[PDB]
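Here we start with a single chain on its own, the form deposited in one PDB entry, put down as structure tokens.
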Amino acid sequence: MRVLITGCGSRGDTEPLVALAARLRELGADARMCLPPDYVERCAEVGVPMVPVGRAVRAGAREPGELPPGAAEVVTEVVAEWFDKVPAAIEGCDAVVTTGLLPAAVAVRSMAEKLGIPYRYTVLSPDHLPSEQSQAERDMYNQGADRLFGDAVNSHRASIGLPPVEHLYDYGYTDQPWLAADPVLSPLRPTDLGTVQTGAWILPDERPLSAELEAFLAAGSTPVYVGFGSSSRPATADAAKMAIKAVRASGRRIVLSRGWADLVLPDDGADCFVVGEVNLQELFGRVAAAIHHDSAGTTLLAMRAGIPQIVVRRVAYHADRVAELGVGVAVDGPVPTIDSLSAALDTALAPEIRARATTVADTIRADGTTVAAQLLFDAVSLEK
């Protein structure tokens, strides 16, 4: 079949869509995408028909003083822009999957309505579930949503046939939005039972490890991974620095992460290997533990890998899920102390913890995109 996958937002909530799409294709389904301009390169290196829409998300890829698509001063432009370019793309489609910017979501749901096809909205964590919010909170969302782009929405719905809608938050998120997160790391709460959880949507990584790294890994004792993301935030660098130290203090080698914008590293004892755009799927399965920030993406990769992990919590969700599962330790504060990171590491490197991380991994799913696909297929097969 042909499925349209739209979305407007950052790389964190957009990459999943590219993964569902690429998967739907592997299953012989003409899946096309509607994303902000700054994703063409990506859809290129993965091979997914993608038609650009609206301003670019990444400030850089954007004109001099051109506001971002989330800017209040351009909600209306956003509504119109989408309502305009989406019709071409949603041409021969029997299903639509969306995530991100509500305005663009409401816009897309309408083409789905006009065309009478099924529409699915997805969120990446249970926190973002409408059902996990208070009835009042849901009212602020709908009120503010309506008060912000409501008129613009109903004007284009009218300007094309559909009747006026109210409660744009409920309208865009759907009664029961899909949750593309892993059930073990992001389990549903007792209030979200009527929700459908497919599993995390991650793109497979085939890339091999460079010969140098292969050389490093082979050349000695299993190293520890330290990676805190692409944050250039001063604290992030201190945490990284403090982690290198906790790892050395434990007589262990390191595989450290660095961004494209960081300054070159002065020197590295032959026990530290700097790594950039590496395949984390394959690498995590080559290390003893991972010290990293509070991020679902890295946390899951590590959990699938079955390696103990140390998570430095923000200002704390995943950090704590790691301890709840008894698979890692949530050290905390922007910059934890050498003692703090050292006691955590001592726990992480404990055989019993490694065994627990191993047991856990045996319970993690890797078929979210396929489960998603099977749901879409059944959708078309009963609604179209």
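Between two forms, the rigid core is defined as the largest C-alpha subset superposing within 1.5 Å. Don't overthink the numbering: it's just position in the shown sequence, from 1.
There is another form of the same protein, the form deposited in another entry; it is not shown, and what comes next is about it.
*Asks:* Overlay on the rigid core first, then point out the one of 349, 46, 56, 40 whose CA is displaced 2 Å or more between this form and the one not shown.
*Replies:* With the rigid core fitted, the residue that moves is 349.
*Asks:* Hey, does residue 102 budge by 2 Å or more at the Cα between this form and the one not shown once the core is superposed?
*Replies:* No, the C-alpha moves less than 2 Å.
*Asks:* Would the C-alpha of residue 277 be classed as shifted by 2 Å or more between this form and the one not shown after rigid-core alignment?
*Replies:* Result for residue 277: yes, a 2 Å-plus shift.
*Asks:* Determine whether the C-alpha of residue 138 shifts by 2 Å or more between this form and the one not shown once the rigid core is superposed.
*Replies:* Shift of 2 Å or more: no.
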